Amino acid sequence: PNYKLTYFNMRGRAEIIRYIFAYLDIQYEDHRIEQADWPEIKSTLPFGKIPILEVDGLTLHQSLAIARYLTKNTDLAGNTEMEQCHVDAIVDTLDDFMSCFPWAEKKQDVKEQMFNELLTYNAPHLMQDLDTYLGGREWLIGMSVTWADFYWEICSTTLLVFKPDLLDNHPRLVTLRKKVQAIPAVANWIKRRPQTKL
């Protein structure tokens, strides 16, 4: 397949896909559109949202659907049907919390206040559940790295921007992030990707 990923010039919801491409050493066109392109790009999307990934002329959409598609029949999937279910479940838990944030809120002061409230009053209960879940194991699921680990590194990277001390009580979750960042293909992508806030 020829692959064309369309998104904004940010990590955002496309980053999980870009990591999977890096990890599997698969070539693709990382198409990054400008704001001013958006009305034309959007007219061609099935539900008005990006990322989309075109595969031999056919459009796929929804970031986590696409990530799941790309990892099928790979070592990133989950080694059993039960583990595959767990991979999905941790991914959706993270995704649910990410979607609590008002990313598109226009009023700066209110956006801020809600980010701070979410990060102070809500995030600590999820960090604790994730840490307890991981226990002393190496990876979130199974005995090998999966895309759920990628998603945790990706999500916590953005959260750390807004809450530097997020993981101060959670060394185990920091070690996991480090393990993902050290995978040679992933480290290489992290080093080379365009530097964006989000």
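Quick note: we count residues from 1 along the sequence shown, nothing fancier.
Quick check: 65-73 versus 29-37, which has the larger average CA B-factor in the record? It is 29-37 that shows the higher mean C-alpha B-factor.
Compare the mean C-alpha B-factor of 74-82 with that of 121-129 as given in the PDB entry, and name the stretch with the higher value. Result: 74-82.
Between 160, 60, 148, 45, where does the Cα B-factor run highest in the record? Spelled out: the listed residue with the top C-alpha B-factor is 45.
Which third, lowest, middle or highest, does the CA B-factor of residue 173 fall in along this chain? Middle third - that is where residue 173 ends up once the chain's C-alpha B-factors are sorted.
For the chain shown, is the CA B-factor of residue 93 in the lowest, middle or highest third of its modelled residues? Lowest third of the chain for residue 93's C-alpha B-factor.
For residue 164, does the deposited CA B-factor place it in the lowest, middle or highest third of the chain? Tercile = middle for this residue's CA B-factor.
Residue 52 - which third its CA temperature factor falls in, relative to the rest of the chain: Lowest third of the chain for residue 52's C-alpha B-factor.
Place residue 140 in the lowest, middle or highest third of its chain's C-alpha B-factors, as listed in the PDB entry. CA B-factor rank for residue 140: middle third.
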